[PDB]
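This report refers to the structure that appears directly beneath it.
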Amino acid sequence: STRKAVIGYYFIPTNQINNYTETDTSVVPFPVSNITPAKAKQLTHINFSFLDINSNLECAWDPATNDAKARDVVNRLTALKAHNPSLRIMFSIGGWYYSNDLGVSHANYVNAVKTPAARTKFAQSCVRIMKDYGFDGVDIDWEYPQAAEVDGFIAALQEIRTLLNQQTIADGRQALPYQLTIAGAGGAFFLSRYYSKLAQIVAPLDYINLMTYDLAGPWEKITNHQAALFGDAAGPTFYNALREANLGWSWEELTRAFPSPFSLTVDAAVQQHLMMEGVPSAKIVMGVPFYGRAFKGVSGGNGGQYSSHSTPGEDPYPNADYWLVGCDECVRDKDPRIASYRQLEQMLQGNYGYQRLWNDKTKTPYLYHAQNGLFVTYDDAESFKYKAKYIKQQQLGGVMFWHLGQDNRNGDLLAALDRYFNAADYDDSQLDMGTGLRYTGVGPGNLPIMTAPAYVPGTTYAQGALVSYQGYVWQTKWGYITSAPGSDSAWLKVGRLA
Ligand SMILES: C#CCO[C@@H]1[C@@H](C)[C@H](OC(=O)NCCCNC(=N)NC(=O)NC)[C@@H](C)C(=O)O[C@H](CC)[C@@](C)(O)[C@@H]2OC(C)(C)O[C@H]([C@@H]2C)[C@H](C)C[C@@]1(C)O
Ligand SMILES: C#CCO[C@@H]1[C@@H](C)[C@H](OC(=O)NCCCNC(=N)NC(=O)NC)[C@@H](C)C(=O)O[C@H](CC)[C@@](C)(O)[C@@H]2OC(C)(C)O[C@H]([C@@H]2C)[C@H](C)C[C@@]1(C)O
Ligand SMILES: O=[P-]([O-])[O-]
Ligand code: NA
């Protein structure tokens, strides 16, 4: 009965703020007024993006921002709360461009969290910005802290949380308390930077919004779905970096939690979070893309999937060949590698030579252009059925998406998500989740309920034997064991009673 979060990013670049208008699409293509009252009601959160951390190690607007015009844009968002008393307008600090390891502001992230005094100054700036502009909470999208930064980052989230709670009391906002989220890694390689401390990262948050998209891109050897729900045995597999994290676990505990190689999927990332003790399913939000990733130079045979390709990975895009046939936004943005769902529907509708195909393992669509050798991986209202059902079945907090400006004009992706969670007449009880590969790791946070005979002192247990003892089901790792389960290294806790 607790409503699923539906968290949509609203991104607007500094030049568009500084020239804001709602009546000229060539200047601002996605003004706040495209978020109509019906869209407002279907959202729980809008994440306004992006703010940054400056060299004074405070949360700050891009210094080229016209402040009066910024306030105006933010005021138009917050006015939407008139249509939906559950709605929050968050603001987001970071993003890939500012905060990636080679990003323009990267050192400011590292330095802002590094010491107690820096964290106090930074935390205060976040809450000051939030109050000054009328936002409802803070989202941190640092992609990604690593190493010694992680203890600092945790401390900074803890301090923000305390300051938000103070502000909730001050404003009497107990009915809509100020919130703290992060955009979390959605793939094991980046997740491995802070994985061992995941319960400490999540504790101060209302949600961790997993970036379970961009799981494929031009940096990969072969094409792949960027947001596959489940795995396809014909697709690529990857090393499970989490088995090397500083967890202190045994070989058997590692091996049971972290199969390798593994399929890089939404389900993988969600299960990886659930495995960890102290990470509640209700805080885990599944991110979904409202854009496709395009590849060129692909071979025939399986619809462009799992092919070698010739897509440049350099930034900026290195030439003026805008080879994504039918994508006008790509010409405008000078980059054929990403296209909004909005644009993709038009490409598919026009006579551009794409077929829309469906992978019934991954439960995702893809475009194939057989003549030119193009492949596009994206999500639609159909893949959203399976993802919504998964969110309900796994008792997740909800869905996040990047970004609102990429939905079609009628807002059909957002409407679909809202329907699958909230429509009285939508029924997915019979929706078949398929036989794609499930991530089968088990860790301390997601032990299955099991039964077994009670342990008996004196009995010699062979390898593989299962007993119940003190709340759990235990399995011997070798034989013959007579020790009490948990008293030495021979027993593996495999299950929980009752
Ligand atoms: C989030 C994110 C990715 O960041 C994209 C920005 C880095 C764009 O990256 C993507 O959209 N990638 C797909 C989404 C990946 N998502 C994330 N990593 N993180 C995320 O979703 N966080 C919630 C790329 C494709 C892009 O547009 O770069 C532009 C050239 C085409 C930039 C780099 O010039 C870009 O131009 C504009 C469009 C004005 O955006 C600027 C930045 C200056 C911001 C700062 C960067 C973003 C928001 O467009
Ligand atoms: C192709 C290639 C190899 O290049 C990798 C760099 C391109 C890496 O390429 C590979 O290692 N390729 C395949 C092997 C492993 N595959 C994955 N790790 N897949 C995965 O994480 N999927 C989400 C991938 C994993 C990567 O990290 O890409 C990043 C976005 C996800 C980049 C492209 O944004 C990357 O981010 C950082 C981490 C800041 O590194 C940057 C560059 C900006 C350098 C310039 C690129 C390299 C050196 O990290
Ligand atoms: O790049 P185009 O065929 O709009
Ligand atoms: Na056609």
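We label chains A, B, ... in the order they appear in the structure tokens, count residues from 1 in each chain, and number ligands from 1 in the order shown.
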
Show me a table, sorted first by chain and then by increasing residue number, of the residues of stretch 216-294 of chain A having an atom at most 12 Å from stretch 457-480 of chain A, each with its shortest atom pair and the distance in Å to one decimal, counting only C-alpha atoms and written as CSV.
```
residue,atom,partner,partner_atom,distance
A:250,CA,A:477,CA,11.4
A:251,CA,A:477,CA,10.8
A:252,CA,A:477,CA,8.2
A:253,CA,A:477,CA,10.8
```

Would you kindly return, as a JSON list (two decimals) with N, CA and C atoms, in the first residue's frame, each protein, DNA or RNA residue with an atom no farther than 10 Å from any atom of residue A:274, considering only C-alpha atoms and excluding same-chain residues fewer than 2 positions away?
```json
[["chain", "number", "residue", "atom", "x", "y", "z"],
["A", 268, "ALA", "N", 20.87, -8.07, -11.73],
["A", 268, "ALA", "CA", 22.18, -8.21, -11.08],
["A", 268, "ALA", "C", 22.41, -7.11, -10.07],
["A", 269, "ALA", "N", 22.25, -5.85, -10.50],
["A", 269, "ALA", "CA", 22.57, -4.71, -9.65],
["A", 269, "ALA", "C", 21.62, -4.70, -8.46],
["A", 270, "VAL", "N", 20.34, -4.98, -8.70],
["A", 270, "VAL", "CA", 19.38, -4.96, -7.59],
["A", 270, "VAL", "C", 19.74, -6.05, -6.57],
["A", 271, "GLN", "N", 20.06, -7.24, -7.06],
["A", 271, "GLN", "CA", 20.36, -8.35, -6.16],
["A", 271, "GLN", "C", 21.65, -8.08, -5.43],
["A", 272, "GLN", "N", 22.61, -7.47, -6.13],
["A", 272, "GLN", "CA", 23.88, -7.13, -5.48],
["A", 272, "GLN", "C", 23.67, -6.22, -4.30],
["A", 276, "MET", "N", 23.47, -7.36, 0.63],
["A", 276, "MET", "CA", 24.22, -6.73, 1.70],
["A", 276, "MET", "C", 23.30, -6.48, 2.87],
["A", 277, "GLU", "N", 23.78, -6.86, 4.04],
["A", 277, "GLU", "CA", 22.98, -6.70, 5.23],
["A", 277, "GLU", "C", 22.85, -5.24, 5.58],
["A", 278, "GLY", "N", 21.65, -4.84, 5.95],
["A", 278, "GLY", "CA", 21.41, -3.46, 6.28],
["A", 278, "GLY", "C", 20.99, -2.61, 5.09],
["A", 279, "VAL", "N", 20.79, -3.20, 3.90],
["A", 279, "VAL", "CA", 20.32, -2.43, 2.71],
["A", 279, "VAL", "C", 18.87, -2.84, 2.40],
["A", 280, "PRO", "N", 17.89, -2.05, 2.86],
["A", 280, "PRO", "CA", 16.48, -2.46, 2.72],
["A", 280, "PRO", "C", 15.99, -2.28, 1.28],
["A", 281, "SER", "N", 15.21, -3.24, 0.82],
["A", 281, "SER", "CA", 14.63, -3.22, -0.49],
["A", 281, "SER", "C", 13.82, -1.93, -0.73],
["A", 284, "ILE", "N", 15.83, 0.90, -2.36],
["A", 284, "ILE", "CA", 16.44, 0.63, -3.65],
["A", 284, "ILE", "C", 15.43, 1.02, -4.73],
["A", 394, "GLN", "N", 10.06, -7.60, -5.99],
["A", 394, "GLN", "CA", 11.20, -7.46, -5.09],
["A", 394, "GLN", "C", 11.04, -6.44, -3.99],
["A", 396, "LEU", "N", 10.84, -3.12, -4.10],
["A", 396, "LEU", "CA", 11.72, -1.98, -4.24],
["A", 396, "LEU", "C", 10.95, -0.70, -3.99],
["A", 441, "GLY", "N", 23.18, -14.82, -6.78],
["A", 441, "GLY", "CA", 23.96, -14.61, -5.61],
["A", 441, "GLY", "C", 23.14, -14.58, -4.36],
["A", 442, "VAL", "N", 23.72, -15.08, -3.28],
["A", 442, "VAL", "CA", 23.14, -14.92, -1.96],
["A", 442, "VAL", "C", 24.22, -14.44, -1.04],
["A", 443, "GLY", "N", 23.86, -13.48, -0.22],
["A", 443, "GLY", "CA", 24.75, -12.92, 0.77],
["A", 443, "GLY", "C", 24.00, -12.81, 2.09],
["A", 444, "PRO", "N", 24.58, -12.12, 3.06],
["A", 444, "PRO", "CA", 23.95, -12.05, 4.39],
["A", 444, "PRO", "C", 22.65, -11.29, 4.42],
["A", 445, "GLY", "N", 22.41, -10.41, 3.45],
["A", 445, "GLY", "CA", 21.20, -9.60, 3.46],
["A", 445, "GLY", "C", 19.99, -10.23, 2.84],
["A", 446, "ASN", "N", 20.18, -11.32, 2.10],
["A", 446, "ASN", "CA", 19.07, -11.91, 1.34],
["A", 446, "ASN", "C", 19.07, -13.44, 1.47],
["A", 447, "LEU", "N", 19.36, -13.95, 2.66],
["A", 447, "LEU", "CA", 19.23, -15.40, 2.90],
["A", 447, "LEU", "C", 17.79, -15.87, 2.70]]
```

- Query: Neighbours of ligand 3 within 6 Å, counting only C-alpha atoms and all ligand atoms, as a ChimeraX atom specification?
  - Reply: /A:322-328,331

Produce a file of the selected residues containing C-alpha atoms, as a short mmCIF file (atom, residue, chain, number, x, y, z; two decimals), in the first residue's frame.
```cif
data_model
loop_
_atom_site.label_atom_id
_atom_site.label_comp_id
_atom_site.auth_asym_id
_atom_site.auth_seq_id
_atom_site.Cartn_x
_atom_site.Cartn_y
_atom_site.Cartn_z
CA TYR A 322 25.67 11.93 -38.05
CA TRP A 323 24.97 8.37 -39.14
CA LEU A 324 21.90 7.69 -36.98
CA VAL A 325 19.42 7.85 -39.89
CA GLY A 326 16.34 9.89 -39.02
CA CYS A 327 17.70 11.36 -35.79
CA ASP A 328 17.30 15.14 -36.08
CA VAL A 331 22.30 16.54 -35.84
#
```

- Give as a PyMOL selection string the residues surrounding ligand 4 up to a distance of 10 Å, considering only C-alpha atoms and all ligand atoms. chain A and resi 347-355+369

Let me see the file: selected residues, N, CA and C atoms, as a PDB file, in the first residue's frame.
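Result went into part_37.pdb, see below:
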```pdb
ATOM      1  N   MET A 347      11.876   7.925 -35.535  1.00  0.00           N
ATOM      2  CA  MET A 347      12.754   7.162 -36.423  1.00  0.00           C
ATOM      3  C   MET A 347      12.118   5.878 -36.863  1.00  0.00           C
ATOM      4  N   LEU A 348      11.438   5.272 -35.920  1.00  0.00           N
ATOM      5  CA  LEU A 348      10.787   4.018 -36.201  1.00  0.00           C
ATOM      6  C   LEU A 348       9.527   4.280 -37.064  1.00  0.00           C
ATOM      7  N   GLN A 349       8.887   5.424 -36.882  1.00  0.00           N
ATOM      8  CA  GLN A 349       7.666   5.699 -37.632  1.00  0.00           C
ATOM      9  C   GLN A 349       7.921   6.073 -39.086  1.00  0.00           C
ATOM     10  N   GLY A 350       9.040   6.754 -39.319  1.00  0.00           N
ATOM     11  CA  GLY A 350       9.440   7.257 -40.609  1.00  0.00           C
ATOM     12  C   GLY A 350       9.971   6.126 -41.451  1.00  0.00           C
ATOM     13  N   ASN A 351      10.242   6.416 -42.720  1.00  0.00           N
ATOM     14  CA  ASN A 351      10.769   5.401 -43.627  1.00  0.00           C
ATOM     15  C   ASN A 351      12.278   5.417 -43.574  1.00  0.00           C
ATOM     16  N   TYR A 352      12.860   5.034 -42.439  1.00  0.00           N
ATOM     17  CA  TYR A 352      14.277   5.185 -42.280  1.00  0.00           C
ATOM     18  C   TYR A 352      15.001   3.884 -42.324  1.00  0.00           C
ATOM     19  N   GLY A 353      14.253   2.777 -42.379  1.00  0.00           N
ATOM     20  CA  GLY A 353      14.808   1.426 -42.479  1.00  0.00           C
ATOM     21  C   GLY A 353      15.079   0.667 -41.159  1.00  0.00           C
ATOM     22  N   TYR A 354      14.491   1.101 -40.045  1.00  0.00           N
ATOM     23  CA  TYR A 354      14.664   0.355 -38.754  1.00  0.00           C
ATOM     24  C   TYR A 354      13.575  -0.672 -38.584  1.00  0.00           C
ATOM     25  N   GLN A 355      13.927  -1.815 -38.017  1.00  0.00           N
ATOM     26  CA  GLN A 355      12.984  -2.736 -37.458  1.00  0.00           C
ATOM     27  C   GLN A 355      13.063  -2.655 -35.915  1.00  0.00           C
ATOM     28  N   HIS A 369      18.922  -1.625 -37.960  1.00  0.00           N
ATOM     29  CA  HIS A 369      18.917  -1.086 -39.315  1.00  0.00           C
ATOM     30  C   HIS A 369      19.783  -1.991 -40.142  1.00  0.00           C
TER      31      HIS A 369
END
```

Do a neighbour search on residue A:177 at 8 Å with only C-alpha atoms, toss out local chain neighbours closer than 6 positions, and write the hits as a short mmCIF file (atom, residue, chain, number, x, y, z; two decimals) with N, CA, C and O atoms, in the first residue's frame.
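Below is the file part-v2.cif, written as the result:
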```
data_model
loop_
_atom_site.label_atom_id
_atom_site.label_comp_id
_atom_site.auth_asym_id
_atom_site.auth_seq_id
_atom_site.Cartn_x
_atom_site.Cartn_y
_atom_site.Cartn_z
N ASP A 136 13.12 20.71 -2.17
CA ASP A 136 12.55 19.80 -1.21
C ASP A 136 13.48 18.69 -0.73
O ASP A 136 13.07 17.76 0.02
N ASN A 165 17.16 17.05 8.65
CA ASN A 165 16.24 16.75 9.71
C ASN A 165 15.97 18.01 10.57
O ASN A 165 14.82 18.19 11.03
N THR A 168 13.62 20.06 8.47
CA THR A 168 12.29 19.53 8.55
C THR A 168 11.55 20.01 9.84
O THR A 168 10.36 20.34 9.80
#
```

Return as a Markdown table the residues of chain A lying at most 8 Å from ligand 1, together with the closest atom-to-atom pair for each and the distance in Å to one decimal, counting only C-alpha atoms and all ligand atoms, with rows in chain order and ascending residue number.
```
| residue | atom | partner | partner_atom_place_in_ligand_line | distance |
| --- | --- | --- | --- | --- |
| A:9 | CA | ligand 1 | 23 (C) | 6.9 |
| A:11 | CA | ligand 1 | 48 (C) | 6.5 |
| A:12 | CA | ligand 1 | 39 (C) | 7.6 |
| A:13 | CA | ligand 1 | 39 (C) | 5.0 |
| A:14 | CA | ligand 1 | 39 (C) | 7.6 |
| A:49 | CA | ligand 1 | 48 (C) | 7.7 |
| A:50 | CA | ligand 1 | 45 (C) | 7.0 |
| A:95 | CA | ligand 1 | 1 (C) | 4.9 |
| A:96 | CA | ligand 1 | 18 (N) | 4.9 |
| A:97 | CA | ligand 1 | 7 (C) | 5.1 |
| A:98 | CA | ligand 1 | 45 (C) | 6.7 |
| A:141 | CA | ligand 1 | 22 (N) | 6.1 |
| A:143 | CA | ligand 1 | 18 (N) | 7.2 |
| A:183 | CA | ligand 1 | 23 (C) | 5.7 |
| A:211 | CA | ligand 1 | 21 (O) | 6.3 |
| A:213 | CA | ligand 1 | 15 (C) | 7.6 |
| A:214 | CA | ligand 1 | 15 (C) | 6.1 |
| A:289 | CA | ligand 1 | 14 (C) | 7.7 |
| A:291 | CA | ligand 1 | 13 (C) | 7.6 |
| A:315 | CA | ligand 1 | 33 (C) | 7.6 |
| A:316 | CA | ligand 1 | 30 (C) | 6.3 |
| A:317 | CA | ligand 1 | 31 (C) | 7.6 |
| A:333 | CA | ligand 1 | 31 (C) | 5.4 |
| A:334 | CA | ligand 1 | 31 (C) | 6.3 |
| A:335 | CA | ligand 1 | 31 (C) | 5.7 |
| A:337 | CA | ligand 1 | 25 (C) | 7.5 |
| A:338 | CA | ligand 1 | 25 (C) | 6.3 |
| A:401 | CA | ligand 1 | 21 (O) | 7.6 |
| A:402 | CA | ligand 1 | 21 (O) | 5.3 |
| A:403 | CA | ligand 1 | 21 (O) | 7.7 |
```

Give me a file of those residues, with N, CA and C atoms, as a short mmCIF file (atom, residue, chain, number, x, y, z; two decimals), in the first residue's frame.
```
data_model
loop_
_atom_site.label_atom_id
_atom_site.label_comp_id
_atom_site.auth_asym_id
_atom_site.auth_seq_id
_atom_site.Cartn_x
_atom_site.Cartn_y
_atom_site.Cartn_z
N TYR A 9 14.46 12.97 -13.58
CA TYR A 9 15.41 14.05 -13.68
C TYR A 9 14.89 15.12 -14.62
N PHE A 11 16.65 18.14 -16.49
CA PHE A 11 17.94 18.76 -16.75
C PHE A 11 17.79 20.01 -17.64
N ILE A 12 18.46 21.10 -17.30
CA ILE A 12 18.46 22.26 -18.19
C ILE A 12 19.83 22.89 -18.17
N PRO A 13 20.46 23.07 -19.35
CA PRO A 13 21.82 23.68 -19.29
C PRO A 13 21.87 25.20 -19.00
N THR A 14 23.00 25.65 -18.47
CA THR A 14 23.13 27.04 -18.02
C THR A 14 22.66 28.04 -19.10
N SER A 49 18.52 19.37 -12.15
CA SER A 49 19.94 19.07 -12.39
C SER A 49 20.60 20.02 -13.42
N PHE A 50 21.90 20.35 -13.28
CA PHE A 50 22.80 19.90 -12.22
C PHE A 50 23.39 21.11 -11.53
N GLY A 95 26.61 14.89 -11.45
CA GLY A 95 26.49 14.40 -12.82
C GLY A 95 27.83 13.94 -13.33
N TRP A 96 27.80 13.17 -14.41
CA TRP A 96 29.04 12.65 -15.01
C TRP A 96 30.03 13.77 -15.37
N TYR A 97 29.54 14.79 -16.07
CA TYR A 97 30.43 15.84 -16.59
C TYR A 97 31.22 16.53 -15.50
N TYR A 98 30.54 16.93 -14.41
CA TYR A 98 31.27 17.55 -13.32
C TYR A 98 32.14 16.62 -12.51
N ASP A 141 24.92 13.02 -7.11
CA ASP A 141 25.22 12.16 -8.24
C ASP A 141 26.73 12.29 -8.55
N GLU A 143 29.87 10.52 -9.69
CA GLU A 143 30.17 9.29 -10.43
C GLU A 143 31.68 9.04 -10.60
N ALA A 183 22.33 9.11 -6.64
CA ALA A 183 22.39 8.28 -7.85
C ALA A 183 23.51 7.29 -7.66
N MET A 211 21.63 3.50 -11.06
CA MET A 211 21.78 3.85 -12.50
C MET A 211 21.94 2.57 -13.28
N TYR A 213 21.32 1.50 -16.16
CA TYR A 213 21.24 1.82 -17.56
C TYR A 213 22.63 2.26 -17.95
N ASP A 214 22.88 2.51 -19.24
CA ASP A 214 24.26 2.71 -19.67
C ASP A 214 25.17 1.53 -19.35
N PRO A 289 16.40 4.12 -18.45
CA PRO A 289 16.69 5.13 -19.43
C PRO A 289 15.46 5.54 -20.28
N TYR A 291 16.24 7.11 -23.03
CA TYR A 291 17.07 7.27 -24.23
C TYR A 291 17.62 5.93 -24.67
N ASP A 315 35.10 11.66 -26.76
CA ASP A 315 34.30 12.86 -26.45
C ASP A 315 35.15 14.08 -26.70
N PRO A 316 34.65 15.07 -27.44
CA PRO A 316 33.40 15.10 -28.22
C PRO A 316 33.43 14.13 -29.41
N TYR A 317 32.26 13.90 -29.98
CA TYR A 317 32.14 13.03 -31.12
C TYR A 317 33.07 13.55 -32.21
N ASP A 333 22.47 17.99 -31.74
CA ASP A 333 23.44 17.85 -30.63
C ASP A 333 24.85 17.45 -31.14
N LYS A 334 24.99 17.25 -32.45
CA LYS A 334 26.25 16.80 -33.06
C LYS A 334 26.83 15.48 -32.52
N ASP A 335 25.97 14.51 -32.28
CA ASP A 335 26.38 13.25 -31.70
C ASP A 335 25.30 12.24 -31.99
N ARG A 337 25.19 9.12 -31.04
CA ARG A 337 25.32 7.96 -30.19
C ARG A 337 24.19 7.75 -29.19
N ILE A 338 23.45 8.81 -28.90
CA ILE A 338 22.35 8.81 -28.00
C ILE A 338 21.15 9.51 -28.65
N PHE A 401 14.31 7.80 -13.48
CA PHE A 401 14.64 7.85 -14.89
C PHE A 401 15.41 9.08 -15.31
N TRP A 402 16.26 8.88 -16.32
CA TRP A 402 16.97 9.97 -16.93
C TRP A 402 16.50 9.96 -18.40
N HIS A 403 15.90 11.04 -18.90
CA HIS A 403 15.35 12.17 -18.19
C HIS A 403 14.04 12.63 -18.82
#
```

Assign secondary structure with DSSP using the backbone only, and return the residues of stretch 270-380 of chain A in strand (DSSP E) as a JSON list (two decimals) with N, CA and C atoms, in the first residue's frame.
```json
[["chain", "number", "residue", "atom", "x", "y", "z"],
["A", 284, "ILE", "N", 15.83, 0.90, -2.36],
["A", 284, "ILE", "CA", 16.44, 0.63, -3.65],
["A", 284, "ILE", "C", 15.43, 1.02, -4.73],
["A", 285, "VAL", "N", 15.81, 2.01, -5.54],
["A", 285, "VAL", "CA", 15.02, 2.50, -6.67],
["A", 285, "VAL", "C", 15.71, 2.09, -7.96],
["A", 286, "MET", "N", 14.92, 1.53, -8.88],
["A", 286, "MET", "CA", 15.48, 1.07, -10.16],
["A", 286, "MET", "C", 15.48, 2.19, -11.19],
["A", 287, "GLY", "N", 16.66, 2.59, -11.62],
["A", 287, "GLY", "CA", 16.76, 3.53, -12.72],
["A", 287, "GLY", "C", 16.50, 2.93, -14.07],
["A", 288, "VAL", "N", 15.85, 3.72, -14.93],
["A", 288, "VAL", "CA", 15.55, 3.30, -16.29],
["A", 288, "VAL", "C", 15.94, 4.45, -17.23],
["A", 289, "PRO", "N", 16.40, 4.12, -18.45],
["A", 289, "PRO", "CA", 16.69, 5.13, -19.43],
["A", 289, "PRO", "C", 15.46, 5.54, -20.28],
["A", 291, "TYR", "N", 16.24, 7.11, -23.03],
["A", 291, "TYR", "CA", 17.07, 7.27, -24.23],
["A", 291, "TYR", "C", 17.62, 5.93, -24.67],
["A", 292, "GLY", "N", 17.98, 5.87, -25.96],
["A", 292, "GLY", "CA", 18.62, 4.75, -26.51],
["A", 292, "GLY", "C", 20.10, 5.10, -26.77],
["A", 293, "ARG", "N", 20.92, 4.06, -26.71],
["A", 293, "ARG", "CA", 22.28, 4.08, -27.23],
["A", 293, "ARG", "C", 22.45, 3.37, -28.56],
["A", 294, "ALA", "N", 23.04, 4.11, -29.50],
["A", 294, "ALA", "CA", 23.18, 3.67, -30.89],
["A", 294, "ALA", "C", 24.59, 3.28, -31.19],
["A", 295, "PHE", "N", 24.70, 2.23, -31.99],
["A", 295, "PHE", "CA", 25.95, 1.70, -32.47],
["A", 295, "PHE", "C", 25.93, 1.59, -33.98],
["A", 338, "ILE", "N", 23.45, 8.81, -28.90],
["A", 338, "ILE", "CA", 22.35, 8.81, -28.00],
["A", 338, "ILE", "C", 21.15, 9.51, -28.65],
["A", 339, "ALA", "N", 19.97, 8.91, -28.48],
["A", 339, "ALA", "CA", 18.72, 9.47, -28.95],
["A", 339, "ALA", "C", 17.60, 9.27, -27.93],
["A", 340, "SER", "N", 16.86, 10.32, -27.69],
["A", 340, "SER", "CA", 15.75, 10.29, -26.78],
["A", 340, "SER", "C", 14.72, 9.29, -27.27],
["A", 355, "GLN", "N", 13.93, -1.82, -38.02],
["A", 355, "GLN", "CA", 12.98, -2.74, -37.46],
["A", 355, "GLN", "C", 13.06, -2.66, -35.91],
["A", 356, "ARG", "N", 11.92, -2.70, -35.25],
["A", 356, "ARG", "CA", 11.85, -2.82, -33.79],
["A", 356, "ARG", "C", 11.79, -4.26, -33.43],
["A", 357, "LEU", "N", 12.78, -4.74, -32.67],
["A", 357, "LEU", "CA", 12.84, -6.14, -32.28],
["A", 357, "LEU", "C", 12.76, -6.24, -30.76],
["A", 358, "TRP", "N", 12.58, -7.45, -30.25],
["A", 358, "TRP", "CA", 12.34, -7.68, -28.85],
["A", 358, "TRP", "C", 13.15, -8.88, -28.41],
["A", 359, "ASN", "N", 13.87, -8.74, -27.30],
["A", 359, "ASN", "CA", 14.63, -9.86, -26.79],
["A", 359, "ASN", "C", 13.84, -10.36, -25.60],
["A", 364, "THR", "N", 13.70, -6.53, -23.25],
["A", 364, "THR", "CA", 13.95, -5.18, -23.75],
["A", 364, "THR", "C", 13.84, -5.14, -25.27],
["A", 365, "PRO", "N", 13.49, -3.97, -25.83],
["A", 365, "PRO", "CA", 13.43, -3.76, -27.26],
["A", 365, "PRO", "C", 14.75, -3.30, -27.80],
["A", 366, "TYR", "N", 14.89, -3.31, -29.12],
["A", 366, "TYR", "CA", 16.06, -2.76, -29.74],
["A", 366, "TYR", "C", 15.74, -2.47, -31.19],
["A", 367, "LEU", "N", 16.40, -1.47, -31.74],
["A", 367, "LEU", "CA", 16.24, -1.18, -33.19],
["A", 367, "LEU", "C", 17.41, -1.78, -33.93],
["A", 368, "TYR", "N", 17.11, -2.37, -35.08],
["A", 368, "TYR", "CA", 18.11, -2.85, -36.01],
["A", 368, "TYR", "C", 17.88, -2.23, -37.41],
["A", 369, "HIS", "N", 18.92, -1.62, -37.96],
["A", 369, "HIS", "CA", 18.92, -1.09, -39.32],
["A", 369, "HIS", "C", 19.78, -1.99, -40.14],
["A", 374, "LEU", "N", 23.13, -0.74, -38.18],
["A", 374, "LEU", "CA", 22.95, -0.01, -36.91],
["A", 374, "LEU", "C", 22.14, -0.80, -35.89],
["A", 375, "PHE", "N", 22.44, -0.54, -34.64],
["A", 375, "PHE", "CA", 21.79, -1.22, -33.48],
["A", 375, "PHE", "C", 21.56, -0.14, -32.42],
["A", 376, "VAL", "N", 20.34, -0.11, -31.89],
["A", 376, "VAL", "CA", 19.96, 0.82, -30.85],
["A", 376, "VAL", "C", 19.33, 0.08, -29.68],
["A", 377, "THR", "N", 19.88, 0.30, -28.48],
["A", 377, "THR", "CA", 19.32, -0.32, -27.28],
["A", 377, "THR", "C", 18.60, 0.73, -26.44]]
```

- Message: I'd like the neighbourhood of stretch 78-86 of chain A as a ChimeraX atom specification, where a residue qualifies if any of its atoms comes within 7 Å (using only C-alpha atoms), though same-chain residues fewer than 4 positions away should be ignored.
- Response: /A:37,40-41,44,74

Could those residues be written to a file, using N, CA, C and O atoms, as a PDB file, in the first residue's frame?
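The file below, result27.pdb, is the result:
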```pdb
ATOM      1  N   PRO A  37      -0.089  19.378 -15.535  1.00  0.00           N
ATOM      2  CA  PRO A  37      -0.629  18.864 -14.286  1.00  0.00           C
ATOM      3  C   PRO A  37      -0.745  17.332 -14.255  1.00  0.00           C
ATOM      4  O   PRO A  37      -0.553  16.748 -13.203  1.00  0.00           O
ATOM      5  N   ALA A  40       2.694  15.988 -13.568  1.00  0.00           N
ATOM      6  CA  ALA A  40       3.025  16.326 -12.184  1.00  0.00           C
ATOM      7  C   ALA A  40       2.464  15.332 -11.176  1.00  0.00           C
ATOM      8  O   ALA A  40       3.108  15.009 -10.163  1.00  0.00           O
ATOM      9  N   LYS A  41       1.277  14.826 -11.467  1.00  0.00           N
ATOM     10  CA  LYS A  41       0.600  13.907 -10.607  1.00  0.00           C
ATOM     11  C   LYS A  41       1.174  12.545 -10.700  1.00  0.00           C
ATOM     12  O   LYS A  41       1.016  11.761  -9.779  1.00  0.00           O
ATOM     13  N   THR A  44       6.630  11.462  -8.240  1.00  0.00           N
ATOM     14  CA  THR A  44       6.756  11.764  -6.800  1.00  0.00           C
ATOM     15  C   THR A  44       7.878  12.736  -6.546  1.00  0.00           C
ATOM     16  O   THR A  44       7.823  13.524  -5.596  1.00  0.00           O
ATOM     17  N   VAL A  74      13.295  27.495 -11.176  1.00  0.00           N
ATOM     18  CA  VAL A  74      13.014  26.654 -10.029  1.00  0.00           C
ATOM     19  C   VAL A  74      11.628  26.966  -9.499  1.00  0.00           C
ATOM     20  O   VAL A  74      10.865  26.044  -9.162  1.00  0.00           O
TER      21      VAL A  74
END
```

- Would you kindly return, as JSON, numbers by chain, each protein, DNA or RNA residue with an atom no farther than 6 Å from any atom of stretch 231-247 of chain A, considering only C-alpha atoms and excluding same-chain residues fewer than 3 positions away? {"A": [189, 192, 196, 254, 258, 260, 261, 262, 263, 306, 361, 362, 436, 437]}

- Message: With distances taken over only C-alpha atoms, which residue among A:205, A:35, A:155, A:73 lies nearest residue A:407?
- Response: A:35

- 8 Å shell around ligand 2 using only C-alpha atoms and all ligand atoms, listed as a list in words: residues 100, 101, 102, 103, 186, 187, 188, 189, 190, 213, 214, 215, 216, 217, 218, 219, 220, 221, 238, 264, 313 and 314 of chain A

- Residues flagged alpha helix (DSSP H) by DSSP in stretch 6-71 of chain A, as a PyMOL selection string: chain A and resi 14-18+37-42+67-71

- Spatial neighbours of residue A:410, max dist 12 Å, only C-alpha atoms, sep filter under 5 positions, as a ChimeraX atom specification: /A:34-36,38-39,341-342,404-405,415-416
